[PDB]
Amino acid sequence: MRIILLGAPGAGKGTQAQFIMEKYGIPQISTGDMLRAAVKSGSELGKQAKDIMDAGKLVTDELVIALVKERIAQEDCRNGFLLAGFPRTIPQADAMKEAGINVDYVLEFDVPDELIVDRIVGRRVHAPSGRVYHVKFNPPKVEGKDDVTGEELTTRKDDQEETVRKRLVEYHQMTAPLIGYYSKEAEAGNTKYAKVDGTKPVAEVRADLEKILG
């Protein structure tokens, strides 16, 4: 099973990707996580992203295409994968198509813009794994601690209100056109498309996704 999650920053993609990876046994491919990890480790492929993410802007297509190509070639993707945060531009989607990377489901998270800032300013992450929490809306069992390892959560350097508003502008200009892109692909029979109400509680969105995926 191959899945793309579409939606604005803060729509809930990383949150729901974790459940899907747990239940269906396919890896989550998050370009944001991969880029942040490359910066942290000083990896030659991706360390360049530091100042760009800080500015709320998109990394170059060629950098994230290279990262994703490297990642999905790995054996743990042989049976499928989930993309969360990629593709982010029409050229990134076309690069997938040209490489023959078809997907089974495209799942769009519908969330009002007005909810995004308060979601992202409360976001806390377990950097080693990517797991995501919210201090008020989806808290860990123990404050400031990852549920799975118990390790300290952190706040992403780019999760400030003003940076979020810049990311939302980028989303509307560059990334929202992928909704139509994959709607058209679904009409051709190349994927299944579904839209979900991302304002429901985390557990209910999860249940809604399980209905679709099986």
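The numbering used is simple: start at 1 and walk along the sequence shown.
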> Given the B-factors recorded for C-alpha atoms, which segment has the greater mean, 155 to 163 or 56 to 64?
Replying inline: 155 to 163
> According to the deposited model, is the average Cα temperature factor higher in 182 to 190 or in 26 to 34?
Replying inline: 182 to 190
> Quick one: which of 84, 107, 90, 127 has the biggest Cα B-factor according to the entry?
Replying inline: 127
> What third of its chain, lowest, middle or highest, does the C-alpha temperature factor of residue 175 fall into?
Replying inline: lowest
> Thinking about Cα B factors across the chain, which third does residue 78 belong to?
Replying inline: highest
>> Where does the C-alpha B-factor of residue 117 rank in its chain, lowest, middle or highest third?
In response: middle
> According to the PDB entry, is the CA B factor of residue 131 in the bottom, middle or top third of its chain, that is, lowest, middle or highest?
Replying inline: middle
>> Lowest, middle or highest third: which one holds residue 196 when the chain's residues are ordered by CA B-factor from the entry?
In response: highest
